[PDB]
Structure formats: C-alpha cells, structure tokens
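As a plain string of letters, each chain reads:
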Amino acid sequence: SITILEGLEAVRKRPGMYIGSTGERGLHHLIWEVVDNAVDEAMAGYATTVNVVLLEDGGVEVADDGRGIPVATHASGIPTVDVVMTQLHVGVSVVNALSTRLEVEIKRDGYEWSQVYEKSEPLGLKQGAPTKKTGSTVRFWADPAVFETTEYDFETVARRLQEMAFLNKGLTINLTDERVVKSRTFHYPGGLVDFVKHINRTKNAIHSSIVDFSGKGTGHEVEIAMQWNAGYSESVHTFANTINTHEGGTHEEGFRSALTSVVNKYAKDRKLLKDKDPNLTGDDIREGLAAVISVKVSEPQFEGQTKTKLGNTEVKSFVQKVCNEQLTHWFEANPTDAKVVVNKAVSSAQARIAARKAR
Ligand SMILES: Nc1ncnc2c1ncn2[C@@H]1O[C@H](COP(=O)(O)OP(=O)(O)CP(=O)(O)O)[C@@H](O)[C@H]1O
Ligand SMILES: [Mg+2]
C-alpha cells in the first residue's frame, strides 16, 4: 500500500530539499558538490590542479590530480565508487540522482578505471591501461526533467572557483567553457593576502602592511588575513573547509572577541584612548576592515536555516587564542599601521557621538 521514499529516490521526488532549488542555484549545486569533493583533495595535500569544463552538450567535467576515488571493494561488497555515487551520507551521490548520466574516470592503484552510471544505475566498473598517475575525472549531465534551466552561468562558476583558489595557495583551478574556447585560470600564491588585496582595490587601504597569520590545533586549523580601508563598514569573509559561511559563526566570533580586546589593550598602553574613556566597541574597530578567516575543521557542524553557520564551540576558543597571540605580535610589530587603524577606531567612535549630539 504505502510507498516509502529512501535514498536517491527521495532526492528525485524533492530535489529542492537537497539542492536548494530546481532553478539556477540548484543546478549550479551539482557543480559545487563535485568541485568541493575535488578541492578536498587539494586541501589535504594531494591535488595541485582542478579543471572544470563546461562541455558543449551541456555536461560538466571536473578533473583533479588527487588520490583518485577509492575503487577497491567496500565493506558492502560493491566497489567503493558505487557506494559514494549511489548512497546518501548530501554529497556527490545527489549529482548522480539528478543527472541523466554520470561518468567517472579514475586513476588509482596502477591502472585507469572507468565507471558509467546511466540514470543513477552503475553499468559496471572497467579496468584499463596501467598508470602510475593518480586522480579522478567526473562527468555529469543534469536532468532536464528536474531543472527549470540546464544552462550553466560562466560567471557564477568563475566567482566561486576564484575564491576556492584564494583559500588554497597551492591550488590551480582552470575553468574553460566549450560552448557558444573561453578560459580562465586561478592561482594565487599569496593566498588569503591576494584575497584581501582583491577586496581592498576600489576601497582605499589605510595602511600598507597586510596582516597574515596561521594557527594549528587538534581537529582544526585557521588562517587569517586583514587590512583596513577608508570604508565606514566591514568586509569580513569567513570560510570553513572552503565553504563560505555567510551566516558566520564560532570562527568569526572568536576572531571578533580577540580583535576587540587586542585593539583596546594596545590603545591603553599607547595612551591612544583615555583610560577614563570607555573601551572602543567591536563596530568601531571593524569600521572599514577587510578580512578573511579560513578555518579547516576535521568534523564541522553547521547551524542556521541557511546551513552557512559554523557552530563548533571548540573553534571559537581556538581562533580567539590564535588571534590574541598573533594580532598582538602584528600590532607591536607595525607601530605605524597600529597607530592608523586605532585612530580609525577612535574616528569611528567620534562619528557616532557627532551624529548623536548634532542632532
Ligand atoms: N576526487 C576525489 N578524490 C578523492 N576522494 C574523493 C573524490 N571524490 C570523492 N571522494 C571520496 O568520496 C567522498 C565524497 O562523498 P560525499 O560528497 O558524500 O562526501 P564529502 O566528504 O564530499 C562531504 P559532503 O557530503 O558534505 O559533500 C569523499 O569524502 C572521498 O572520501
Ligand atoms: Mg561531497
């Protein structure tokens, strides 16, 4: 009588529940799912190059030079690729459910492997030529029965790929469109500094020396870069495992609480703010601040309706202790720059009082 919808069947029935929408956002989610999976290699230290190709037929190719996708037989008894590609827990399997076809070309374990999924169903793993080379290529063709549009937007892809490249300084991402060949290449050796530079271009940076520092702990790693501009508002970009957390969370909060205390204490020693005067607020310190906070968490939990909010309690305290130590170093290290960004803080506090008094 009743029908229970499990696995990939559910995804097809309510794709939006998993992807977002059956519109542009959802369509591009297929790419995000796959490219993410590739970049996770580059992040771990195995991939160096990730190539995205928008094929003429409307397919997408995503090739990396990581360790490949395990082909070896899984605990289930079916090859590990098949598990990844046909079973939930989001993750790339969803791409399979929502494509008419998915083709995987692997090089692991001394040869070339090829597996095809026709309407999510595996057609049988094939072993080819021997090779000492390692990595994976994924091809998928979005199902038009699912999506309102199947046309990918070059520029939306390019923007995301660009930021993935800032977050990973060892990585090179090549985007190429075979429709309408138009190509873009993203590699930033400066990493998060090249990111800050990018942000503060149109804005006039207040000080020349850009803040760059790192921290490593238990199941987490952080990397921060910041530079103030003549701006009246902040531009702080936060990331957890290359995922852009617009909602922000514990990594951003640890950073804020550290920066707020570092600036205030520094000001007191320099006598920049009158001891009698109340401590500068979080808002006045970040007035015109451009920053990037990129954490690497081993097991990350996200909260918020968006699911773009890092919730790891463990991380708030970690980022805080890292900033407290390294920002104190950068302040004392650059007394020139410190004097400017503090005065900017003072100006930001005086501007709020000026609006209050008159009128
Ligand atoms: N190109 C690649 N190189 C190496 N391993 C890959 C890979 N593509 C897939 N995998 C393997 O399969 C998994 C991808 O499955 P899935 O997308 O469900 O999980 P995930 O670890 O990517 C996080 P999420 O499910 O949130 O996307 C990876 O965790 C990895 O173990
Ligand atoms: Mg995934």
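Residues numbered from 1 in each chain as written, not as in the entry; some residues may be left out. Chains lettered and ligands numbered in written order. Heavy atoms only, no water. Residues with missing side-chain atoms left out of burial classes, pairs and counts.

K.L.:
So what about the domain arrangement of the protein chain? Which residues, and what values?
P.N.:
You can read the domains of the protein chain as domain 1 (1–188) and domain 2 (189–359). Computed over C-alpha atoms only, the centres of domain 1 and domain 2 are separated by 35 Å. Listed as interface residues are 12 residues of domain 1 and, on the opposing side, 14 residues of domain 2. Together, the buried faces of domain 1 and domain 2 total about 1,200 Å²; carbon and sulfur atoms form 64% of this surface. The three residues of domain 1 that bury the most area against domain 2 are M43, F166 and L167, which together make up 52% of that side's buried surface. Joining domain 1 to domain 2, the criterion identifies zero salt bridges. The tally of links from domain 1 across to domain 2 stands at four residue pairs in polar contact. Among the elements of the structure, α3 (24–44) and α6 (154–167) are those that each provide at least two residues to the side of domain 1 that touches domain 2. For the side of domain 1 that touches domain 2, the element with the highest residue contribution is α6, accounting for six residues. (Domains from an automatic or database assignment. Contact = heavy atoms within 4.5 Å. Buried area = accessible area lost by both parts, 1.4 Å probe. Salt bridge = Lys/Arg side-chain N within 4 Å of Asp/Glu carboxyl O. Polar contact = N/O pair within 3.5 Å; in protein donor to acceptor, adjacent residues only side chain to side chain. Helix = DSSP H or I, 4+ residues; strand = E, 2+ residues; numbered from the N terminus.)

K.L.:
Can you lay out the environment of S261 for me, pointing to particular residues and giving the numbers?
P.N.:
When you line up the elements, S261 lands in helix α8 (residues 250–270). Classification of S261 by relative accessible area gives partly exposed; the value is 32%. Placed 21 residues apart in sequence, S261 and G282 show a C-alpha to C-alpha distance of 9.0 Å. At a separation of 3.3 Å, a polar atom in the side chain of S261 contacts the main-chain carbonyl oxygen of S257. A polar side-chain atom of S261 sits 3.0 Å from the main-chain carbonyl oxygen of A258. (Buried < 20%, exposed > 50% of the residue type's maximum accessible area, 1.4 Å probe, protein only.)

K.L.:
Pulling in residues and values, what's your account of the packing of aromatic side chains?
P.N.:
Taken as a whole and assessed by the stated rule, the structure comprises six aromatic pairs. Where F166 meets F195, the ring centres are 4.5 Å apart and the plane angle is 20°; that geometry is what we call stacked. With a relative accessible area of 3%, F166 lands in the buried category. Residue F195 is classed as buried on the basis of its relative accessible area, which comes to 5%. Ring geometry for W330 versus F331: centroids 5.7 Å apart, planes at 65°, classification edge-to-face. Across the pair, exposure class does not vary: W330 and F331 are buried alike. (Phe/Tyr/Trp six-rings, centres within 6.5 Å; stacked < 30°, edge-to-face > 60°.)

K.L.:
Can you tell me about the site of ligand 1, naming the residues and giving the values?
P.N.:
Close to ligand 1 lie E33, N37, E41, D64, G68, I69, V84, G91, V92 and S136. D64 is positioned such that a nitrogen or oxygen atom in its side chain is 3.2 Å from a nitrogen atom of ligand 1. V92 places a main-chain nitrogen or oxygen 3.0 Å from an oxygen atom of ligand 1. Isolated, ligand 1 exposes 600 Å² of accessible area, and the fraction of that covered by the protein chains is 63%. A per-class count over the shell around ligand 1 returns three nonpolar, four polar and three charged. (Near = heavy atom within 4 Å. Areas by Shrake-Rupley, 256 points an atom, 1.4 Å probe, with all protein chains shown as cover. Nonpolar A, V, L, I, M, F, W, Y, C, P; charged D, E, K, R; others polar.)

K.L.:
Describe the sheet that holds strand β10 (residues 211–216), with residues and values.
P.N.:
Pairing is mixed across the open sheet formed by five strands, whose spatial order is β10-β11-β14-β12-β13. Every other strand in the sheet has two partners, leaving β10 and β13 (243–244) as the edge strands with one partner each. Strand direction decides the pairing type here: strand β12 (residues 235–240) and β13, joined by two bridges, are antiparallel. Opposite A240, over in β13, you have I243 as the bridge partner. (Pairing = 2+ DSSP bridges.)

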